[PDB]
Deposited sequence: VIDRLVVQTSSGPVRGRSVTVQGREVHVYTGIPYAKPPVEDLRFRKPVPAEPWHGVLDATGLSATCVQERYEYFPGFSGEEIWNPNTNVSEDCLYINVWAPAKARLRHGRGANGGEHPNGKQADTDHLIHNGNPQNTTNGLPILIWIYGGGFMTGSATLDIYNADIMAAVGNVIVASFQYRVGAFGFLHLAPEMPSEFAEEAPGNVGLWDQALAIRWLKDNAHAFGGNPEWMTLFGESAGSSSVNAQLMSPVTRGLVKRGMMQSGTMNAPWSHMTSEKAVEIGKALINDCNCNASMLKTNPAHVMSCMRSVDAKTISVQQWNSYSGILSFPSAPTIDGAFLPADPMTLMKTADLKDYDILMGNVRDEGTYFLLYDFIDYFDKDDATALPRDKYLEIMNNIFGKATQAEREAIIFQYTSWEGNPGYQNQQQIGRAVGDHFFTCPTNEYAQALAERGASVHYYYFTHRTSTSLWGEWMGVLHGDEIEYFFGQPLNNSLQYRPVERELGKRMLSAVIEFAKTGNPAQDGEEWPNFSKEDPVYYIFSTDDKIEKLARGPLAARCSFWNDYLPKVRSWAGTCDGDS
């Protein structure tokens, strides 16, 4: 078959789609690791046993075990992020979209987000059909273990012998393993293996970050696109000691004692591999208190992540790295609606009084000092623009700014200082069909479909300028993948640095100035310059 490709591990058969007037060959569900199941739960992934026989790569693969948000039962806007294939631990599968400088096609690799607890390469929104077809590039995506399955971290609690029992970050080992698989097999799909670009969003973006900077993997890929996610972000890294404590709680939470981890770890681990995945899937969430602070995150392990993400950079040079990164306008709105659903509504705005503005602010930042809390509350106090609506708008800004936009900004400046050619974007279009509430603005993740070129899909409802924006945002990705520079011919989009923190604005509004420096600079000046000084007692 011409839909058959001989991979490193055996022949695979795929589908043929014709989108945007070009043939793509779509291979979905290729095992890249042995199913991380039974004895291999919590462990590093091991390469998949080779096969022979055409492997059916025409259906979607499984979704790694996770829980579905049902805060709005039946609301399409929530469940399009829920798993759309069966959930199972057997989930380590790769997807390749392959069209029908000169030694093969560029390969783009997508890592999804979902806070290291959720997410799946199989979501419609991550369909690489159009990107591959129009970009004329190889696009690949894959599942990686999330939640406690990907991030249970207990090795310090156990003797040397039991290191590989629960080393932590195996979800990042998964990604490492799938990217290795794609390098190995780039040529078999018409792809140039030295021409690879990682890209992702939220936790996927931070994972792009980890894969570029980890000693375990660094050098393999040196060109990445990070959408609203950087490892310095508070939700995207976690100490080993906190990870262990979460792990110890989970072990207890699944009725497995955990106080025997030192005296007899092997038995505690057997117990945890006998637990049904659904039980882990639920009990891991007991350790979630704090908006945007998940129990699973890239963990300082002296291995994949050997130091805290900002002490990594003071010593490694990045002159050969190309980085495209950015943010959406309202990063924090849906996190705030979910974590404070008692206060807020999905569809309409909330006139939030001043005491309940304080109630929420003082909670979100309860772990900062009160000199920070007072400073933050003062920085986000509305005075104009009709109260209440404005207060909700400011708490959203604060969440977005503290958790995504300003960490991204800070990491973008640190990447530029060590030589990386950084390009920064800011996404400010609220899609016309968005059925999230108007007050929620331009949601975290709203940009993913645009960068994938989905507005080019004439079967989904979009306005002509939105299809223009999708064609522009996909083209920024394809040009970044192809040249390390997102800028089109004659389009001005200069490098981002501390000296000139210029970013590109993606909007349908042809009246705005596309290049801007000041507004993000001021927003995040508070978080990245002034607030550190407040923290000095």
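Where C-alpha coordinates are absent, the deposited sequence of this PDB chain has the segments 1 to 2, 103 to 136, 574 to 581.
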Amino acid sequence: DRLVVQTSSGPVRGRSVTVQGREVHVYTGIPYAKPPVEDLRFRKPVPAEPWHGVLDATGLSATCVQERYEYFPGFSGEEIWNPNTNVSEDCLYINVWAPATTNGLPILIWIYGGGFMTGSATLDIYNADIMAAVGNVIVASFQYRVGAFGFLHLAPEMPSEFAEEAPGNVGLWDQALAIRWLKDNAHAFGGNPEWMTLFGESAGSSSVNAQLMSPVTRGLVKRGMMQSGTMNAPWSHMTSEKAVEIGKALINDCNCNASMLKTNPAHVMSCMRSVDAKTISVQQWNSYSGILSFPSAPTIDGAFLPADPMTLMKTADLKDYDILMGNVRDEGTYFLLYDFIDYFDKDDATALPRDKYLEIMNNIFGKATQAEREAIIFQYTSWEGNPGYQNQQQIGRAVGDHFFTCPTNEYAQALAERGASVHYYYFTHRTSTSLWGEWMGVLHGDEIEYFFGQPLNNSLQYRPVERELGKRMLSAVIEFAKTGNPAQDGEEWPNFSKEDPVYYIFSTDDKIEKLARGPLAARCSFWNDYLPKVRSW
From here on, numbers count along this sequence of modelled residues.
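The stretch 262 to 270 shows the higher mean C-alpha B-factor when 292 to 300 is compared against 262 to 270 in the entry. Mean CA B-factor, 307 to 315 versus 118 to 126: the higher value falls on 307 to 315. You'll see in the entry that, of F199, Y450, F340, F142, the Cα B factor peaks at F340. Of the candidates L352, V399, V96, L172, the PDB record gives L352 the highest C-alpha temperature factor. Ranked by C-alpha B-factor against the other modelled residues of its chain, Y426 falls in the lowest third.
Among the modelled residues of its chain, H52 has a C-alpha B-factor that falls in the highest third, as given in the PDB entry.
When the modelled residues of the chain are ordered by their C-alpha B factor, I251 lands in the highest third.
In this PDB entry, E194 carries a Cα temperature factor that places it within the highest third of its chain's modelled residues.
In this PDB entry, the Cα temperature factor of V65 sits in the middle third of its chain's modelled residues.
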